[PDB]
Each structure stands twice: as C-alpha cells, then as structure tokens.
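Novice:
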Ligand SMILES: CCCCCCCCCCCCOS(=O)(=O)O
Ligand SMILES: CCCCCCCCCCCCOS(=O)(=O)O
Ligand SMILES: CCCCCCCCCCCCOS(=O)(=O)O
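Numbering (this note's numbering), first residue to last: 16 to 75.
(1) So, at 8 angstroms on beta carbons, what are the nonlocal neighbours of residue 55 in its own chain, with the 5 sequence-adjacent residues on each side left out?
(2) From residue 39 to residue 62, what does the alpha carbon distance come to, in whole angstroms?
(3) For residue 18, does the count of other Cβ atoms within 10 angstroms reach 16, so buried, or fall short, so exposed?
(4) Mind checking whether residue 21 and residue 29 have CB atoms under 9 angstroms apart?
(5) Would DSSP call residue 62 helix, strand or coil?
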C-alpha cells in the first residue's frame, strides 16, 4: 500500500503492520490537513479532530 505524506505530492510504501492511509484535520479547516501517513488503526475521531482512513494507493 502507498500513502501520501503531509504534502500529497510525496508518498511512500507502508511498512509491515500498517495497512491503512490516514489524513488528520480539524473539522472547521478540512482543506488544511495537519498529518498524513500510514497507520495500523484508524485514530478515533472527536468533535473537532477528524481522521480520514482508507486503503487504496494514495487515497489519503
Ligand atoms: C503560519 C500558519 C501555518 C499555516 C500552515 C499552512 C498549511 C500548509 C501545510 C501543508 C499541509 C497540507 O496541505 S495540502 O493542501 O497540500 O494538502
Ligand atoms: C513522512 C516523514 C518524512 C521523513 C523526512 C525524512 C527525509 C529523508 C528521506 C528518506 C526517504 C525514505 O523514506 S520513505 O519513507 O519515503 O520511503
Ligand atoms: C467525510 C465526508 C466526505 C464528504 C466530502 C465532503 C467534503 C467535506 C468538506 C467540508 C466543507 C467545508 O469546508 S470549507 O473549508 O470548504 O469551508
């Protein structure tokens, strides 16, 4: 699986154990994400802090 980095223009193949891409952002500023990468478990979303998780090459 390939996932995009903070700057979508760049990416990397996920290591063993992390089969999900994620994008972290504040609900009021969806176009200004704060974190992107590979992860093993989709972080829990809250009222203001959301996480987008998917497993399609560079889907984050
Ligand atoms: C002085 C305040 C700092 C503002 C930070 C501006 C956000 C740019 C960081 C790239 C995040 C990714 O964004 S993306 O548009 O490329 O997907
Ligand atoms: C998301 C954090 C980026 C770390 C910046 C370190 C720069 C060194 C480049 C390593 C390339 C090799 O690594 S790779 O993970 O891209 O395959
Ligand atoms: C999880 C739902 C996926 C549906 C995609 C809809 C995009 C949601 C962005 C909110 C718009 C608001 O933000 S604004 O920055 O444009 O004002």
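All residues carry an ideal CB built from backbone N, CA and C; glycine is no exception.
Specialist: So, to answer that:
(1) Here residue 55 refers to the residue found at position 40 of the chain shown. Counting only Cβ-Cβ distances below 8 angstroms, and skipping sequence neighbours, we find 32, 33, 34 and 35.
(2) Counting from one through the chain shown, the residue named residue 39 turns up at place 24. Counting from one through the chain shown, the residue named residue 62 turns up at place 47. Near 13 angstroms, if we compare the C-alpha coordinates of residue 62 and residue 39.
(3) The count along the chain shown starts at 1 and reaches residue 18 at position 3. When all chains shown are included, residue 18 counts as buried.
(4) Reading the chain shown from its first residue, position 6 is the one you call residue 21. Reading the chain shown from its first residue, position 14 is the one you call residue 29. No. Outside cutoff.
(5) Your numbering for residue 62 matches position 47 in the chain shown. Correct three-state label for residue 62: coil.
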